[PDB]
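If you're matching them up, the sequences are chains B and A in order.
Each residue of the first sequence is one higher than the one before, starting from 25 at the first, in the authors' numbering.
Counted the way the authors' numbering counts, the second sequence spans residues 2 to 131, 143 to 541, 555 to 956.
Every residue gets a Cβ at the ideal spot worked out from N, C-alpha and C, and that includes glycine.
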Amino acid sequence: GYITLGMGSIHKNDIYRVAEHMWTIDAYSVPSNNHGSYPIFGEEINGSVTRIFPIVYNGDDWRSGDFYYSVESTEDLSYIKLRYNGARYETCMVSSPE
Amino acid sequence: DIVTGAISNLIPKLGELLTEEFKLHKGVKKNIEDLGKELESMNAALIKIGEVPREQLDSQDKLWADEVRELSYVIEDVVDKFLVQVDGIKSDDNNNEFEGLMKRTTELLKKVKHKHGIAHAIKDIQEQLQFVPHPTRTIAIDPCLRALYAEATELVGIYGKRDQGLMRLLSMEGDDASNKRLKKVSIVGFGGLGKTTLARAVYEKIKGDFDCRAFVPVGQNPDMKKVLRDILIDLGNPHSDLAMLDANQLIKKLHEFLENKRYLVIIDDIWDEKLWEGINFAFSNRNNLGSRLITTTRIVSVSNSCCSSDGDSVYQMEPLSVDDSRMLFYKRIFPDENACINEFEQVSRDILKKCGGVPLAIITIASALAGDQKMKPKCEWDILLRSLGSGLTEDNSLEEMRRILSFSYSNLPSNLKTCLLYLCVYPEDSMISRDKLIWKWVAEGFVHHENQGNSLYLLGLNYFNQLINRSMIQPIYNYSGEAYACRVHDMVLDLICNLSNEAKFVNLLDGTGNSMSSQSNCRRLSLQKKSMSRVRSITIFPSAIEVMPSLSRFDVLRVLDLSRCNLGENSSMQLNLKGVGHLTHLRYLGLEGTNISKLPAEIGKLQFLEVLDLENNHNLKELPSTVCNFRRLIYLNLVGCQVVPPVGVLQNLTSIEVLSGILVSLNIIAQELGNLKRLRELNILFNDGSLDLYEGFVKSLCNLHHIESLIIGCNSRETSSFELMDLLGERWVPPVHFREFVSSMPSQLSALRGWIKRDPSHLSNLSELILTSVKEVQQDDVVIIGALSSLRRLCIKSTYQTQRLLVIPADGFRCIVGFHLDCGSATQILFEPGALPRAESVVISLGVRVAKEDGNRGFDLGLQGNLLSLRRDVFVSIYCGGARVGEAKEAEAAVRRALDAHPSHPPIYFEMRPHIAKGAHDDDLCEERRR
């Protein structure tokens, strides 16, 4: 029960809460050292909108600093992705809870 | 070069040892007095001999290969031993043995120079040869550099997608007998002409007319196992799992899939020449159906072997004109005006005919002319000129363009050569953070300790900017326009690797080890997937942890890096830190991201560390009760780790210049905080709050006269106290070069106004200001913030707001790239026309207004014909405050109307915080309250 990517592994039962809490906080409310303020709206899939919010290596919440992981999701916990900046971009899809 | 660089730093080092240590022993001082004079003569002699290349010094260069380079190490092995170990063990007899070798070297210099024909500059030496942390800001990155790279990437697009000729030679016009035969066309070009982008246009636009398609890169791996596996994935369709396969059976392996199938595959970014024949053998002879094979290459000679059959054709991208090429050149040198040098200007352009005017060769030669200002008569016209080959069609391979990059390498001033060579330890196209690289240069000692007592980090920063300046490393920008990472070009990587492996400076393990011993000395090793006691730098990347020996078998090691690795407390490598005791020479122990359980108790026995980076470790809880001997360290990063500092363990650590992540309990913020006079950056986290704690923090901060960065945060959920911010604004005065201020505690802008009219030197370096709990933002507050001459990133929130409107003046904010003013329900925001000249991203809120205009008006901001420099997204919130849905929807459309004639087309987003999105009844009769 994990999701593998460029150099790390994140346990599955933690990405879900990151994808959900990002739809309850305000938009552009948490500043960052680089990049910019998050969460940021993304491109549209099957209607509605998407949001992106950084996550840390272990899987805990992110308050401020620097990051190299991101989670993008819709407001149904159906379409979820994991994003990695690192050396190069690498995207993997996330299954849906049942 | 390497020989002079490694020795040029020991003369100041042993001179400092005489001042600090050797003055105590009269007998040793006399012996070191002989050591000092010989070293001053010998290293200076090597500089004079430095005009003669190393290899011509058969007596000397082979003696580095045997003794001298090791002598520069064994001396350094006892130089670092002189400070503490020799002070305890009294290894004076070792000096007598070594000075004899130098005496022979002194005799050799008298003899070798006399025999080799060099001028006898030994007796001629007597005739011919003979506090503040900020020494000098040598240079900042040239502002014109960012625009120049922007045009180059935009210029390659226009010169791409011109495949009208390429489609003609594809022979895919109609039905013909020749169209039924195999036609494998190869395209070749220089490093930067942009054929890789062009090759995609044919691939995408021909999908309908072809049954199958494929596109997979090769890269800089000269192997067949990887490409065959990649090819079989997308021959015409996925073909399940075929990882376990052989190269010989590829003839049959491709046979079972495309025996009579119309196949259209494309192979790009290849440096191998016989690969074309091998796949062609697997593709059999010419068929009777009709297929095309397109391959690109950056080496013509490699492509010449790839394309040397009848029917096949060679297509190369043209040179970038003669008029459009001047734009990429004349911008870098003469931004405004020049009418003095034109004949030399034009003739230097025609020099590039060896490549024709390729983008890479233009930038490398142009930027070498100007580093910070213009230059004297060039005189380059007499060296490279035109006689350096002619690569229009035949010398364009690694015969001519390589020489152009080689000429610029030898013009770099002295010490920059050794710093640039060190970048070979990183893989292709890797991301190199600025902070990590600079703090590693100091550890090994590539920065000459000039002016005797200035910060090494700042001098290291000067080197990085100058490398960015000309052509050697490509910057990677970020928010507010700063370079926080760098990249190395593809061809420049080849030049560094060949030059590095010729002098054996750094060894790169491919994944199976290198048979280097005795003469092939192993000095600095980089690992990317006995008799090694002479190693002094080991680096491991997070893909080869399974291949590494234990930590015990090391005795002279200096740098040990395990960033992002899996040292931790997991896996099956038995990688416990126990056994680190026998490493009493380390200068860089970077455990950046491993899940460390407990720091070893003997870590304090290594009284030579300069940097210690624990960038992320959640389960770390306490420092060992032995960290009091570290009096030579500059770096200590503790972010992401919940550790409580021990009592009375931080006072005698008086060498710090940066500290990131600590807590406060009773008096650690006052008893052992003001003693650190060299601290420059501070990052702290507060747990609790009372007047007996903030008072101690403020008093200590007054004694730190050399602080330029400050970050404060809170951890407790309750933050009703306003004590910390008000106390700081009344007593403390910022230094002359204060740079960063970030705070999340509750704050007031009256305090910031106090600092402005106290400082003798008004704030002229505060480039950032982050505040997330401001209460009041008044009209007088915005003007004062807008008068700062170096601000680059502002982000202010608001709570308990009591004003009705705010305006941003036209004459005001000048160097702002980010704007994050997000006041609450009140404070309608109206931008003054033609303001924020260089803003790149803004967020602004609006509300219900009313009572502002007599009639019912659509909510209008100032955005029509304004913000003429937006590039990234623009965000506008919306606040109802007990209003009508129809008004809110009108506000959504009104804002989007203004930013539609903007001649840059930036993306626009909106978000309704009260979540009006419902069953969508227009006559909702008010929505909610402010909650």
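Where residue i meets chain A, residues with beta-carbon distance less than 8 angstroms
i                      : result
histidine 59 (chain B) : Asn490 and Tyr491
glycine 89 (chain B)   : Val664 and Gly665
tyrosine 81 (chain B)  : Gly618 and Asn641
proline 55 (chain B)   : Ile795, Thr797, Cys820 and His845
Exposure label - residue i; buried when at least 16 CB within 10 Å
i                           : result
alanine 211 (chain A)       : buried
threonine 430 (chain A)     : buried
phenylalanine 766 (chain A) : buried
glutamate 98 (chain A)      : exposed
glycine 907 (chain A)       : exposed
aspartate 638 (chain A)     : buried
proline 574 (chain A)       : exposed
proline 54 (chain A)        : exposed
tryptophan 393 (chain A)    : exposed
Chain-ordered neighbours of residue i on chain A, where CB pairs are closer than 7 angstroms
i                     : result
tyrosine 52 (chain B) : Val868 and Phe900
Selection from the options that minimises the alpha carbon distance to residue i
i                           : options                                   : result
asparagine 790 (chain A)    : A:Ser815, A:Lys49 and A:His930            : A:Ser815
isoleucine 869 (chain A)    : A:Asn881, A:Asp879 and A:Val832           : A:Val832
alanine 942 (chain A)       : A:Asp925, A:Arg909, A:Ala919 and A:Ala926 : A:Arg909
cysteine 840 (chain A)      : A:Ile375, A:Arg817 and A:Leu15            : A:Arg817
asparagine 591 (chain A)    : A:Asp188, A:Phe566, A:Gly368 and A:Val581 : A:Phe566
residue 546 (chain A)       : A:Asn677, A:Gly302, A:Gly714 and A:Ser512 : No atoms of residue 546 (chain A) appear, because in chain A residue 541 is followed directly by 555.
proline 229 (chain A)       : A:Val572, A:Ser252, A:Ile306 and A:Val652 : A:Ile306
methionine 31 (chain B)     : A:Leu424, A:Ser422, A:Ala569 and A:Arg657 : A:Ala569
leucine 846 (chain A)       : B:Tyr52, B:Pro78 and B:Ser97              : B:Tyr52
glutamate 100 (chain A)     : A:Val69, A:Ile126 and A:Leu130            : A:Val69
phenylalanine 884 (chain A) : A:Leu895, A:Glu865, A:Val920 and A:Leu64  : A:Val920
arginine 241 (chain A)      : A:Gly231, A:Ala164, A:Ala255 and A:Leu611 : A:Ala255
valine 761 (chain A)        : A:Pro771, A:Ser775 and A:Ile781           : A:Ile781
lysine 196 (chain A)        : A:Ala66, A:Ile279 and A:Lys24             : A:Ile279
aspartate 713 (chain A)     : A:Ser725, A:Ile694, A:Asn728 and A:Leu701 : A:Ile694
Chain B residues whose Cβ lies nearer than 7 angstroms to that of residue i
i                       : result
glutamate 936 (chain A) : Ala51
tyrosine 904 (chain A)  : Those within 7 angstroms of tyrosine 904 (chain A) in chain B number zero; the least Cβ separation is about 11 angstroms.
Residues that residue i contacts on chain B, provided the C-beta gap is smaller than 8 angstroms
i                      : result
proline 567 (chain A)  : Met31
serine 442 (chain A)   : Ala111
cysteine 848 (chain A) : By Cβ distance, chain B contributes nothing, its closest Cβ being about 13 angstroms from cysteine 848 (chain A), past 8 angstroms.
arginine 589 (chain A) : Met31
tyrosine 719 (chain A) : Residues of chain B passing the Cβ test: none, with the nearest at roughly 22 angstroms.
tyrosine 496 (chain A) : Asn58
Alpha helix (DSSP H) segment containing residue i, residue limits
i                           : result
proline 425 (chain A)       : No alpha helix (DSSP H) holds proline 425 (chain A); DSSP gives it neither H nor E.
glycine 911 (chain A)       : 910 to 923
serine 360 (chain A)        : 355 to 363
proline 371 (chain A)       : 371 to 379
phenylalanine 341 (chain A) : 339 to 345
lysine 877 (chain A)        : Run containing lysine 877 (chain A): none; DSSP gives neither H nor E here.
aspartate 586 (chain A)     : First-last for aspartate 586 (chain A): 584 to 586, but that is the beta strand (DSSP E), not the alpha helix (DSSP H).
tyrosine 171 (chain A)      : 156 to 171
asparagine 37 (chain B)     : 36 to 45
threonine 107 (chain A)     : 94 to 117
Element boundaries [beta strand (DSSP E), containing residue i]
i                        : result
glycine 615 (chain A)    : 613 to 615
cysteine 116 (chain B)   : 114 to 118
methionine 937 (chain A) : 933 to 937
Any chain C beta carbon closer than 7 angstroms to residue i
i                          : result
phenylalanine 65 (chain B) : Looking for chain C here will not work: the only protein chains present are B and A.
The ligand ZN heavy atom lying under 6 angstroms from the CB of residue i
i                     : result
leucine 675 (chain A) : With respect to the ligand ZN, the structure shown offers nothing to examine, as it has no ligands at all.
Problem - 3 or more residues per run - each beta strand (DSSP E) lying fully within the segment 618 to 697 of chain A - result: 636 to 638, 660 to 662 and 683 to 685
Practice task
Ignoring anything shorter than 3 residues or poking outside the segment 774 to 817 of chain A, list the beta strand (DSSP E) runs there in chain order.
Solution key: 793 to 796
Exercise for the section: Note down, one range per segment and in chain order, each alpha helix (DSSP H) of at least 4 residues found wholly within the segment 729 to 780 of chain A. Expected result: 748 to 756
Practice task
Report the residue ranges of all alpha helix (DSSP H) runs contained in full by the segment 400 to 455 of chain A; include only those spanning at least 4 residues, in chain order.
Solution key: 413 to 422 and 428 to 433
Problem - Runs of alpha helix (DSSP H) wholly within the segment 269 to 331 of chain A (minimum 4 residues, chain order) - result: 287 to 294 and 312 to 318
Handout entry: Every unbroken alpha helix (DSSP H) within the segment 458 to 491 of chain A, with a cutoff of 4 residues, ordered by chain
Key = 468 to 481
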